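Contents: one structure, followed by commentary.
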Amino acid sequence: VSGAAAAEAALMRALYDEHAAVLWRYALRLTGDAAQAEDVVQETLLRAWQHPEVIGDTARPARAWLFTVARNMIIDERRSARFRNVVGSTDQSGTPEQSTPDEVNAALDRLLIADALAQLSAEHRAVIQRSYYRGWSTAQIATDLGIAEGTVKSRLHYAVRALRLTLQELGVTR
Amino acid sequence: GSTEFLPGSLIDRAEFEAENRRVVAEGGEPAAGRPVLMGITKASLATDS
Amino acid sequence: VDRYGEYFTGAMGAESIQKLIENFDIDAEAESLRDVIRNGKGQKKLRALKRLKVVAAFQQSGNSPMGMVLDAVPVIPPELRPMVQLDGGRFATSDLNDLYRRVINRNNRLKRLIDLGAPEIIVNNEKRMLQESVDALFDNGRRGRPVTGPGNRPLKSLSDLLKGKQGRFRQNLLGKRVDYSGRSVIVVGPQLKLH
Amino acid sequence: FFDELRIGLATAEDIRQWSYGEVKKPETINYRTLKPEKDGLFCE
Amino acid sequence: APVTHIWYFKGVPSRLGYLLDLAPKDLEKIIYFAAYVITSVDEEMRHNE
DNA sequence: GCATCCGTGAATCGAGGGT
DNA sequence: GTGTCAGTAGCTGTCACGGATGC
RNA sequence: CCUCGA
């Protein structure tokens, strides 16, 4: 009946009141983290509910079966995932903060490329800005500009050398 | 009175006379006042920002 | 419940308070406090004044008090909780990842217990842990004993990111650290002009 | 130039309106591939 | 399962306790599963029985 | 209605070294 | 898969002050 | 967070 399903809930609440607080202390010594001990207790008593053989015999100590399930859970936590990560906390002192370099070298190159680009024809400039700045393919630029495939290859081939002319004339290091 | 000022709250003496200026001219009762001394620590937290 | 369950409805935890806020007339409780304020004893008037300070705020503004109870918790972007590598090959992470991670573990366990029909004692005793875990994510240490990390060190919470000299306001907003600057030892120069 | 800075209680609908997805799994990253796990705290 | 924002429960004064007229300690028992709370009661059906 | 106890605050910049 | 006792470290050697919390 | 300098 409905009271038979409620007798199982009053049975779990019974072993909670006799073993949970003692099992929490045991897992607390093996881990040292109270929030982790609570997680081990919930998982240990969950396996007790899933095993009626352990909850059957009251004349046999179910406490010993709990300490063994909790012990095995704790050593499994102590493997690979904890191995690498558990070491450091950024909030904790002694860890170097991440840094990013300044864009000075990138800004100077961008300024010199923008000067050499202005001294190019509208055709060559509109082809290097679609191959290197937009990253399109050779056929994609040919489709957009309405020109031949080899026309894009030739314009790119000269425009690169045209830029190398202007940069070497200004002393840009190879 | 006729204001929305929660009684007991500490309000700047400029909005009080500017709010009582509208309710006095509206017909309702202007809110009452009483000067209050606040410490510098308490007055800073009471700023409008 | 076993006897007169047909006549009342009760509940526990935070979901109950969520229900108490729902069955609450904000405007009615506001005017009840003003009536106490108009004519009352200062002993019992100050306690009604301060309540009105909070209740009238939900009345005028148009925001529901239900927001004080959360159904979903936001996750802070990863660059603000970064995980950095150590020169020994091991890893060091932000405390927030542990705090967020411990909330997720307990939140995923709750979905298992609800699906599995676990005893009401485990589901209720788990929801409390989810409440205590979420309480640490926002302000660890505020209630009770702080969540200790490795070495009995209280973990930093989101609210610890803003408090005091190391918080975001005083350390990174009222004073930044600037480019184009330097420092050195000072030496007196008598020949120098004042300017 | 923006005048006011409004602050308020975040509705559960706002919390979902901000989030680009729910964090289901509790994993962080992989400790071999450096790839963040899917649906983890670093889900791409 | 819904959860409460500690800023509005434990921060003094307890904002929830001021809203629902519940004592902070009484509110502490409810949230952390130490005491049940009555959400609704059909007082009229009770009177007729 | 009052004693208790909770939470808030407690100077600025700078060097170098470990985990 | 698990099954006889099988149970933290650490720590209080700060303080003034206000007001919500609580008997 | 250890030591130190105005």
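In the structure tokens, chains take the letters A, B, ... in the order shown, each chain's residues start at 1, and ligands count up from 1 in the order shown.
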- Message: Using only C-alpha atoms (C1' of nucleotides), which protein or nucleic acid residues come within 9 Å of range 15-26 of chain E? Drop anything in the same chain fewer than 2 positions from it, and give the result as a ChimeraX atom specification.
- Response: /C:17,20-21,24,26,50-52,54-55,65,68 /E:7-13,28-30,35 /G:21-22
Can I get the selected residues back with N, CA and C atoms (P, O5', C5', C4', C3', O3' and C1' of nucleotides), as a compact mmCIF listing (two decimals), in the first residue's frame?
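The new file part31.txt reads:
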# COMPACT_ATOMS: atom_id res chain seq x y z
N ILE C 17 9.50 30.22 0.66
CA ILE C 17 9.53 31.68 0.71
C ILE C 17 9.16 32.27 -0.65
N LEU C 20 5.67 32.42 -0.38
CA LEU C 20 5.20 33.45 0.53
C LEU C 20 5.22 34.82 -0.14
N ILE C 21 6.24 35.09 -0.94
CA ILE C 21 6.27 36.35 -1.68
C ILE C 21 5.17 36.41 -2.72
N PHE C 24 1.44 37.56 -1.51
CA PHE C 24 1.70 38.74 -0.71
C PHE C 24 1.19 39.97 -1.44
N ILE C 26 1.55 43.60 -1.86
CA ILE C 26 2.52 44.63 -1.52
C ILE C 26 1.83 45.93 -1.13
N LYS C 50 10.93 51.46 9.47
CA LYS C 50 12.00 50.82 8.71
C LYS C 50 11.46 49.74 7.78
N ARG C 51 10.38 49.07 8.17
CA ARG C 51 9.76 48.12 7.25
C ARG C 51 9.20 48.83 6.03
N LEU C 52 8.55 49.97 6.24
CA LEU C 52 8.02 50.73 5.11
C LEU C 52 9.13 51.16 4.17
N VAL C 54 11.57 49.53 3.18
CA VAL C 54 11.82 48.43 2.26
C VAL C 54 10.60 48.11 1.41
N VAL C 55 9.41 48.12 2.00
CA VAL C 55 8.23 47.69 1.25
C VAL C 55 7.84 48.72 0.21
N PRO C 65 9.25 41.66 -5.69
CA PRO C 65 10.15 41.10 -4.68
C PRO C 65 10.57 39.68 -4.96
N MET C 68 14.39 38.38 -5.30
CA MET C 68 15.28 37.97 -4.23
C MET C 68 15.42 36.47 -4.14
N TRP E 7 22.51 37.99 -0.04
CA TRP E 7 22.62 39.42 0.20
C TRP E 7 21.36 39.99 0.83
N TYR E 8 20.21 39.41 0.53
CA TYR E 8 18.95 39.95 1.02
C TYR E 8 18.41 39.17 2.21
N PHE E 9 19.01 38.03 2.54
CA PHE E 9 18.63 37.28 3.73
C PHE E 9 19.51 37.60 4.92
N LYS E 10 20.82 37.38 4.80
CA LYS E 10 21.71 37.54 5.93
C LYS E 10 22.24 38.96 6.10
N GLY E 11 22.24 39.76 5.05
CA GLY E 11 22.69 41.13 5.21
C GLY E 11 21.79 41.88 6.17
N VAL E 12 22.39 42.58 7.12
CA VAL E 12 21.62 43.25 8.16
C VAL E 12 21.27 44.65 7.69
N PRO E 13 20.01 45.07 7.80
CA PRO E 13 18.91 44.25 8.29
C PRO E 13 18.39 43.28 7.24
N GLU E 28 15.86 31.93 9.01
CA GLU E 28 17.00 31.05 8.83
C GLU E 28 16.59 29.59 8.91
N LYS E 29 15.66 29.27 9.81
CA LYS E 29 15.22 27.89 9.92
C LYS E 29 14.49 27.44 8.66
N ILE E 30 13.74 28.33 8.02
CA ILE E 30 12.96 27.93 6.87
C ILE E 30 13.87 27.63 5.69
N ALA E 35 12.79 24.01 9.69
CA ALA E 35 11.43 24.18 10.16
C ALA E 35 10.51 24.34 8.95
P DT G 21 17.48 41.76 10.99
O5' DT G 21 17.79 40.84 12.26
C5' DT G 21 19.05 40.23 12.39
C4' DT G 21 19.24 39.63 13.78
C3' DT G 21 18.16 38.62 14.20
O3' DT G 21 18.72 37.37 14.55
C1' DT G 21 18.59 40.17 15.93
P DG G 22 17.76 36.12 14.83
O5' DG G 22 17.54 36.17 16.41
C5' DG G 22 18.62 35.92 17.28
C4' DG G 22 18.25 36.27 18.71
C3' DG G 22 17.07 35.49 19.30
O3' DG G 22 17.39 35.02 20.60
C1' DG G 22 16.74 37.78 19.62
- Item | 12 Å contact set for residue 6 in chain H, only C-alpha atoms (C1' of nucleotides), chain neighbours under 2 positions out, as a list in words |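 So, after excluding close chain neighbours, the residues are residues 184, 185 and 186 of chain C; 12, 13 and 14 of chain F; 4 of chain H.
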- Message: Just want the 12 Å neighbourhood of residue 23 in chain G, counted on only C-alpha atoms (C1' of nucleotides), with same-chain residues fewer than 5 positions away dropped. Output as number ranges by chain.
- Response: F: 1-4
Surrounding residues of residue 31 in chain D excluding itself and chain neighbours under 3 positions, 12 Å, only C-alpha atoms (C1' of nucleotides), as an mmCIF file with N, CA, C and O atoms, in the first residue's frame:
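Result written to out-v4.cif:
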data_model
loop_
_atom_site.group_PDB
_atom_site.id
_atom_site.type_symbol
_atom_site.label_atom_id
_atom_site.label_comp_id
_atom_site.auth_asym_id
_atom_site.auth_seq_id
_atom_site.Cartn_x
_atom_site.Cartn_y
_atom_site.Cartn_z
ATOM 1 N N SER A 80 43.252 11.533 -11.788
ATOM 2 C CA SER A 80 43.837 12.407 -12.808
ATOM 3 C C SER A 80 43.289 13.831 -12.777
ATOM 4 O O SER A 80 44.060 14.791 -12.896
ATOM 5 N N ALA A 81 41.969 13.996 -12.662
ATOM 6 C CA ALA A 81 41.388 15.336 -12.746
ATOM 7 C C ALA A 81 41.906 16.239 -11.632
ATOM 8 O O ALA A 81 42.205 17.418 -11.864
ATOM 9 N N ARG A 82 42.027 15.704 -10.416
ATOM 10 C CA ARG A 82 42.639 16.466 -9.334
ATOM 11 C C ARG A 82 44.135 16.648 -9.558
ATOM 12 O O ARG A 82 44.698 17.683 -9.177
ATOM 13 N N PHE A 83 44.783 15.674 -10.198
ATOM 14 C CA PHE A 83 46.243 15.648 -10.272
ATOM 15 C C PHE A 83 46.803 16.932 -10.872
ATOM 16 O O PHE A 83 47.713 17.548 -10.305
ATOM 17 N N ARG A 84 46.278 17.351 -12.025
ATOM 18 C CA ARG A 84 46.839 18.508 -12.716
ATOM 19 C C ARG A 84 46.343 19.822 -12.114
ATOM 20 O O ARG A 84 47.140 20.718 -11.818
ATOM 21 N N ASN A 85 45.028 19.944 -11.912
ATOM 22 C CA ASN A 85 44.412 21.249 -11.687
ATOM 23 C C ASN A 85 44.573 21.726 -10.245
ATOM 24 O O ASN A 85 44.902 22.894 -10.007
ATOM 25 N N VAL A 86 44.371 20.833 -9.272
ATOM 26 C CA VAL A 86 44.146 21.187 -7.869
ATOM 27 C C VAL A 86 45.249 22.060 -7.274
ATOM 28 O O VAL A 86 45.136 22.530 -6.136
ATOM 29 N N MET C 83 42.067 30.385 -15.823
ATOM 30 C CA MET C 83 42.849 29.260 -15.335
ATOM 31 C C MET C 83 44.226 29.339 -15.979
ATOM 32 O O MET C 83 44.345 29.256 -17.205
ATOM 33 N N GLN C 85 48.415 28.275 -16.294
ATOM 34 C CA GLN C 85 49.362 27.174 -16.218
ATOM 35 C C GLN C 85 50.636 27.543 -15.470
ATOM 36 O O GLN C 85 51.113 28.678 -15.536
ATOM 37 N N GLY C 89 54.192 22.403 -15.191
ATOM 38 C CA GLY C 89 53.241 21.563 -15.871
ATOM 39 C C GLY C 89 51.885 21.480 -15.208
ATOM 40 O O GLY C 89 50.909 21.110 -15.870
ATOM 41 N N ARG C 90 51.793 21.807 -13.924
ATOM 42 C CA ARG C 90 50.525 21.731 -13.224
ATOM 43 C C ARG C 90 49.709 22.989 -13.514
ATOM 44 O O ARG C 90 50.145 23.895 -14.226
ATOM 45 N N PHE C 91 48.506 23.049 -12.959
ATOM 46 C CA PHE C 91 47.588 24.141 -13.227
ATOM 47 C C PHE C 91 47.185 24.868 -11.953
ATOM 48 O O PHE C 91 47.109 24.279 -10.872
ATOM 49 N N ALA C 92 46.940 26.164 -12.101
ATOM 50 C CA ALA C 92 46.407 27.006 -11.042
ATOM 51 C C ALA C 92 45.167 27.689 -11.592
ATOM 52 O O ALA C 92 45.198 28.229 -12.701
ATOM 53 N N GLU D 27 32.495 19.765 -15.663
ATOM 54 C CA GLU D 27 33.898 19.719 -16.034
ATOM 55 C C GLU D 27 34.412 21.108 -16.395
ATOM 56 O O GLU D 27 33.648 22.034 -16.680
ATOM 57 N N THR D 28 35.737 21.242 -16.382
ATOM 58 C CA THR D 28 36.379 22.503 -16.717
ATOM 59 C C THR D 28 36.999 22.406 -18.101
ATOM 60 O O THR D 28 36.402 22.843 -19.089
ATOM 61 N N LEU D 34 44.088 20.678 -23.658
ATOM 62 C CA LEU D 34 43.807 22.076 -23.340
ATOM 63 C C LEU D 34 42.502 22.581 -23.942
ATOM 64 O O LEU D 34 42.229 23.784 -23.900
ATOM 65 N N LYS D 35 41.709 21.707 -24.513
ATOM 66 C CA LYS D 35 40.416 22.074 -25.073
ATOM 67 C C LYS D 35 39.362 22.143 -23.976
ATOM 68 O O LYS D 35 39.264 21.220 -23.164
ATOM 69 N N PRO D 36 38.575 23.213 -23.906
ATOM 70 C CA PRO D 36 37.530 23.275 -22.884
ATOM 71 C C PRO D 36 36.454 22.262 -23.229
ATOM 72 O O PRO D 36 36.097 22.082 -24.394
ATOM 73 N N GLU D 37 35.926 21.605 -22.202
ATOM 74 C CA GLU D 37 34.894 20.609 -22.433
ATOM 75 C C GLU D 37 33.576 21.249 -22.839
ATOM 76 O O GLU D 37 33.238 22.360 -22.425
#
- Which one of C:102, C:142, C:168, C:128 sits closest to residue 34 in chain E if you count only C-alpha atoms?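 Ranking C:102, C:142, C:168, C:128 by distance to residue 34 in chain E, first place goes to C:128.
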- Message: Using only C-alpha atoms (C1' of nucleotides), which protein or nucleic acid residues come within 12 Å of residue 117 in chain A? Drop anything in the same chain fewer than 3 positions from it, and give the result as a list in words.
- Response: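 Once the nearby chain positions are removed, what remains is residues 109, 110, 111, 112, 113, 114, 120, 121, 122, 123, 124, 125, 126, 127, 128, 129, 159, 160, 161, 162, 163, 164, 165, 166 and 167 of chain A.
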Resulting file, chosen residues, N, CA and C atoms, as a PDB file, in the first residue's frame:
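result_6.pdb was written with the following content:
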ATOM      1  N   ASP A 109      54.003  48.916 -37.951  1.00  0.00           N
ATOM      2  CA  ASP A 109      53.887  48.195 -39.214  1.00  0.00           C
ATOM      3  C   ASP A 109      52.597  48.561 -39.935  1.00  0.00           C
ATOM      4  N   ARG A 110      51.484  48.618 -39.201  1.00  0.00           N
ATOM      5  CA  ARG A 110      50.210  49.001 -39.799  1.00  0.00           C
ATOM      6  C   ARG A 110      50.266  50.398 -40.405  1.00  0.00           C
ATOM      7  N   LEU A 111      51.008  51.317 -39.783  1.00  0.00           N
ATOM      8  CA  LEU A 111      51.122  52.663 -40.334  1.00  0.00           C
ATOM      9  C   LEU A 111      51.957  52.673 -41.608  1.00  0.00           C
ATOM     10  N   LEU A 112      53.025  51.874 -41.650  1.00  0.00           N
ATOM     11  CA  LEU A 112      53.861  51.831 -42.845  1.00  0.00           C
ATOM     12  C   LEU A 112      53.171  51.083 -43.979  1.00  0.00           C
ATOM     13  N   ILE A 113      52.408  50.037 -43.652  1.00  0.00           N
ATOM     14  CA  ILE A 113      51.640  49.333 -44.673  1.00  0.00           C
ATOM     15  C   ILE A 113      50.546  50.235 -45.232  1.00  0.00           C
ATOM     16  N   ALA A 114      49.959  51.085 -44.385  1.00  0.00           N
ATOM     17  CA  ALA A 114      48.920  51.996 -44.852  1.00  0.00           C
ATOM     18  C   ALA A 114      49.486  53.085 -45.756  1.00  0.00           C
ATOM     19  N   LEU A 120      49.343  52.804 -54.312  1.00  0.00           N
ATOM     20  CA  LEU A 120      48.989  51.749 -55.246  1.00  0.00           C
ATOM     21  C   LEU A 120      47.760  52.148 -56.051  1.00  0.00           C
ATOM     22  N   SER A 121      47.598  51.492 -57.198  1.00  0.00           N
ATOM     23  CA  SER A 121      46.418  51.709 -58.019  1.00  0.00           C
ATOM     24  C   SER A 121      45.175  51.195 -57.304  1.00  0.00           C
ATOM     25  N   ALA A 122      44.026  51.779 -57.653  1.00  0.00           N
ATOM     26  CA  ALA A 122      42.770  51.353 -57.045  1.00  0.00           C
ATOM     27  C   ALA A 122      42.493  49.880 -57.306  1.00  0.00           C
ATOM     28  N   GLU A 123      43.020  49.337 -58.405  1.00  0.00           N
ATOM     29  CA  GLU A 123      42.828  47.920 -58.694  1.00  0.00           C
ATOM     30  C   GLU A 123      43.695  47.055 -57.791  1.00  0.00           C
ATOM     31  N   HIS A 124      44.992  47.362 -57.714  1.00  0.00           N
ATOM     32  CA  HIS A 124      45.888  46.566 -56.880  1.00  0.00           C
ATOM     33  C   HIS A 124      45.530  46.689 -55.406  1.00  0.00           C
ATOM     34  N   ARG A 125      45.187  47.899 -54.958  1.00  0.00           N
ATOM     35  CA  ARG A 125      44.841  48.092 -53.554  1.00  0.00           C
ATOM     36  C   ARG A 125      43.566  47.337 -53.193  1.00  0.00           C
ATOM     37  N   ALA A 126      42.592  47.311 -54.101  1.00  0.00           N
ATOM     38  CA  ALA A 126      41.338  46.609 -53.855  1.00  0.00           C
ATOM     39  C   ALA A 126      41.453  45.101 -54.030  1.00  0.00           C
ATOM     40  N   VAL A 127      42.637  44.586 -54.353  1.00  0.00           N
ATOM     41  CA  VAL A 127      42.861  43.156 -54.472  1.00  0.00           C
ATOM     42  C   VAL A 127      43.686  42.620 -53.308  1.00  0.00           C
ATOM     43  N   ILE A 128      44.667  43.392 -52.833  1.00  0.00           N
ATOM     44  CA  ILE A 128      45.411  42.969 -51.651  1.00  0.00           C
ATOM     45  C   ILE A 128      44.556  43.117 -50.398  1.00  0.00           C
ATOM     46  N   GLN A 129      43.631  44.079 -50.384  1.00  0.00           N
ATOM     47  CA  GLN A 129      42.734  44.239 -49.247  1.00  0.00           C
ATOM     48  C   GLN A 129      41.611  43.212 -49.237  1.00  0.00           C
ATOM     49  N   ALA A 159      51.285  43.719 -57.068  1.00  0.00           N
ATOM     50  CA  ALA A 159      51.011  44.593 -55.930  1.00  0.00           C
ATOM     51  C   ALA A 159      51.900  44.265 -54.739  1.00  0.00           C
ATOM     52  N   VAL A 160      52.224  42.986 -54.544  1.00  0.00           N
ATOM     53  CA  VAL A 160      53.148  42.612 -53.477  1.00  0.00           C
ATOM     54  C   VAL A 160      54.534  43.177 -53.758  1.00  0.00           C
ATOM     55  N   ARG A 161      55.003  43.038 -55.001  1.00  0.00           N
ATOM     56  CA  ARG A 161      56.303  43.591 -55.364  1.00  0.00           C
ATOM     57  C   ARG A 161      56.283  45.112 -55.377  1.00  0.00           C
ATOM     58  N   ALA A 162      55.148  45.714 -55.740  1.00  0.00           N
ATOM     59  CA  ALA A 162      55.029  47.167 -55.666  1.00  0.00           C
ATOM     60  C   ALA A 162      55.169  47.653 -54.229  1.00  0.00           C
ATOM     61  N   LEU A 163      54.562  46.935 -53.281  1.00  0.00           N
ATOM     62  CA  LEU A 163      54.698  47.299 -51.874  1.00  0.00           C
ATOM     63  C   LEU A 163      56.124  47.079 -51.384  1.00  0.00           C
ATOM     64  N   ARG A 164      56.777  46.014 -51.857  1.00  0.00           N
ATOM     65  CA  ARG A 164      58.172  45.788 -51.493  1.00  0.00           C
ATOM     66  C   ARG A 164      59.070  46.896 -52.029  1.00  0.00           C
ATOM     67  N   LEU A 165      58.725  47.460 -53.187  1.00  0.00           N
ATOM     68  CA  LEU A 165      59.472  48.601 -53.706  1.00  0.00           C
ATOM     69  C   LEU A 165      59.358  49.796 -52.768  1.00  0.00           C
ATOM     70  N   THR A 166      58.131  50.130 -52.361  1.00  0.00           N
ATOM     71  CA  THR A 166      57.918  51.308 -51.523  1.00  0.00           C
ATOM     72  C   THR A 166      58.528  51.126 -50.137  1.00  0.00           C
ATOM     73  N   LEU A 167      58.482  49.909 -49.595  1.00  0.00           N
ATOM     74  CA  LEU A 167      59.034  49.686 -48.261  1.00  0.00           C
ATOM     75  C   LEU A 167      60.557  49.724 -48.276  1.00  0.00           C
TER      76      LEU A 167
END
- Within 8 Å of residue 41 in chain E using only C-alpha atoms (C1' of nucleotides), minus same-chain residues under 6 positions, as a ChimeraX atom specification: /C:7-9
- Task: Identify, on the basis of only C-alpha atoms (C1' of nucleotides), every residue whose closest approach to residue 33 in chain B does not exceed 12 Å; exclude the query and any residue fewer than 3 positions from it along the same chain; express the result as a ChimeraX atom specification.
- Result: /B:1,3,5,7-17,19-20,30,36
Would you write out, as a tab-separated table, a table of all residues in chain A that have an atom no more than 12 Å from an atom of chain H, listing for each the closest atom pair and the distance in Å to one decimal, considering only C-alpha atoms (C1' of nucleotides) and ordering rows by chain and rising residue number?
residue	atom	partner	partner_atom	distance
A:91	CA	H:1	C1'	11.1
A:92	CA	H:1	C1'	8.4
A:93	CA	H:1	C1'	6.0
A:94	CA	H:1	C1'	7.9
A:95	CA	H:1	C1'	11.1
Going by DSSP on the backbone, which residues of chain B come out as alpha helix (DSSP H)? List them as a compact mmCIF listing (two decimals) with C-alpha atoms, in the first residue's frame.
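And here is the file that came out, part19.txt:
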# COMPACT_ATOMS: atom_id res chain seq x y z
CA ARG B 13 16.83 70.52 2.35
CA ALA B 14 16.67 71.56 -1.31
CA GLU B 15 14.34 68.86 -2.62
CA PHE B 16 12.23 69.23 0.52
CA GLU B 17 11.54 72.91 -0.10
CA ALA B 18 11.25 72.25 -3.84
CA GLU B 19 8.78 69.42 -3.28
CA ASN B 20 6.80 71.33 -0.67
CA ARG B 21 6.86 74.14 -3.21
CA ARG B 22 4.81 72.07 -5.65
CA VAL B 23 2.41 70.58 -3.12
CA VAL B 24 1.77 73.94 -1.43
CA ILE B 40 30.28 62.82 7.77
CA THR B 41 30.38 59.04 7.54
CA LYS B 42 26.59 58.75 7.49
CA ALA B 43 26.06 61.70 5.14
CA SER B 44 28.45 60.26 2.56
CA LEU B 45 26.49 57.02 2.21
Could I get the residues of chain D with an atom no further than 10 Å from an atom of chain C, each paired with its nearest atom pair and that distance in Å to one decimal, using only C-alpha atoms, sorted by chain and residue number, as a tab-separated table?
residue	atom	partner	partner_atom	distance
D:8	CA	C:63	CA	8.3
D:9	CA	C:67	CA	6.0
D:10	CA	C:67	CA	6.4
D:11	CA	C:67	CA	5.4
D:12	CA	C:71	CA	6.1
D:13	CA	C:72	CA	8.8
D:14	CA	C:72	CA	9.7
D:15	CA	C:74	CA	6.1
D:16	CA	C:72	CA	7.4
D:18	CA	C:74	CA	8.2
D:19	CA	C:74	CA	6.9
D:20	CA	C:75	CA	9.8
D:21	CA	C:75	CA	9.6
D:22	CA	C:75	CA	8.7
D:23	CA	C:75	CA	7.9
D:24	CA	C:104	CA	7.6
D:25	CA	C:104	CA	7.4
D:26	CA	C:104	CA	5.6
D:27	CA	C:101	CA	7.7
D:28	CA	C:97	CA	8.2
D:29	CA	C:83	CA	9.5
D:31	CA	C:91	CA	8.8
D:40	CA	C:101	CA	9.4
D:41	CA	C:78	CA	7.7
D:42	CA	C:78	CA	6.4
D:43	CA	C:78	CA	9.4
- The residue from C:191, C:60, C:172, C:157 with the smallest atom-to-atom distance to chain A, counting only C-alpha atoms, is C:157
- Message: Let's see if you can do this: from backbone DSSP, list all strand (DSSP E) residues in range 38-159 of chain C, as a VMD selection string.
- Response: chain C and resid 69 to 70 83 to 85 91 to 93
Since we have the selection now, will you write its residues out, keeping N, CA, C and O atoms, as a PDB file, in the first residue's frame?
ATOM      1  N   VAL C  69      14.553  35.714  -4.804  1.00  0.00           N
ATOM      2  CA  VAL C  69      14.661  34.265  -4.909  1.00  0.00           C
ATOM      3  C   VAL C  69      15.008  33.913  -6.345  1.00  0.00           C
ATOM      4  O   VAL C  69      14.322  34.341  -7.280  1.00  0.00           O
ATOM      5  N   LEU C  70      16.065  33.133  -6.522  1.00  0.00           N
ATOM      6  CA  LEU C  70      16.617  32.874  -7.840  1.00  0.00           C
ATOM      7  C   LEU C  70      16.213  31.496  -8.332  1.00  0.00           C
ATOM      8  O   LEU C  70      16.262  30.514  -7.588  1.00  0.00           O
ATOM      9  N   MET C  83      42.067  30.385 -15.823  1.00  0.00           N
ATOM     10  CA  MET C  83      42.849  29.260 -15.335  1.00  0.00           C
ATOM     11  C   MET C  83      44.226  29.339 -15.979  1.00  0.00           C
ATOM     12  O   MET C  83      44.345  29.256 -17.205  1.00  0.00           O
ATOM     13  N   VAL C  84      45.262  29.509 -15.157  1.00  0.00           N
ATOM     14  CA  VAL C  84      46.620  29.734 -15.636  1.00  0.00           C
ATOM     15  C   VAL C  84      47.466  28.499 -15.390  1.00  0.00           C
ATOM     16  O   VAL C  84      47.281  27.773 -14.407  1.00  0.00           O
ATOM     17  N   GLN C  85      48.415  28.275 -16.294  1.00  0.00           N
ATOM     18  CA  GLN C  85      49.362  27.174 -16.218  1.00  0.00           C
ATOM     19  C   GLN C  85      50.636  27.543 -15.470  1.00  0.00           C
ATOM     20  O   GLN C  85      51.113  28.678 -15.536  1.00  0.00           O
ATOM     21  N   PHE C  91      48.506  23.049 -12.959  1.00  0.00           N
ATOM     22  CA  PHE C  91      47.588  24.141 -13.227  1.00  0.00           C
ATOM     23  C   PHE C  91      47.185  24.868 -11.953  1.00  0.00           C
ATOM     24  O   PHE C  91      47.109  24.279 -10.872  1.00  0.00           O
ATOM     25  N   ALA C  92      46.940  26.164 -12.101  1.00  0.00           N
ATOM     26  CA  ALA C  92      46.407  27.006 -11.042  1.00  0.00           C
ATOM     27  C   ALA C  92      45.167  27.689 -11.592  1.00  0.00           C
ATOM     28  O   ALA C  92      45.198  28.229 -12.701  1.00  0.00           O
ATOM     29  N   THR C  93      44.087  27.677 -10.819  1.00  0.00           N
ATOM     30  CA  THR C  93      42.812  28.205 -11.274  1.00  0.00           C
ATOM     31  C   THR C  93      42.282  29.232 -10.292  1.00  0.00           C
ATOM     32  O   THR C  93      42.765  29.367  -9.169  1.00  0.00           O
TER      33      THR C  93
END
- Go ahead and compute the interatomic distance for CA of residue 47 in chain B and CA of residue 6 in chain B, in Å to one decimal. 16.7 Å
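For chain E, the residues no farther than 7 Å from chain C when using only C-alpha atoms are residues 1, 2, 3, 4, 5, 6, 8, 10, 18, 19, 30, 31, 32, 33, 35, 36, 37, 38, 39, 40, 41, 42, 45 and 46 of chain E.
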- Looking at A:130, A:47, A:155, A:71, which one is nearest to chain C, with distances taken over only C-alpha atoms?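 That would be A:47, the residue with the smallest distance to chain C.
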- Message: Only residues of chain C matter here; which ones have an atom within 12 Å of chain F, counting only C-alpha atoms (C1' of nucleotides)? Give them as a ChimeraX atom specification.
- Response: /C:41-44,86,88,141-144,163-165,175,177,182-185
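Rounded to one decimal, CA of residue 149 in chain C and CA of residue 32 in chain A lie 8.8 Å from each other.
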- Query: What is the distance between CA of residue 119 in chain C and CA of residue 27 in chain E, in Å to one decimal?
  - Reply: 24.5 Å
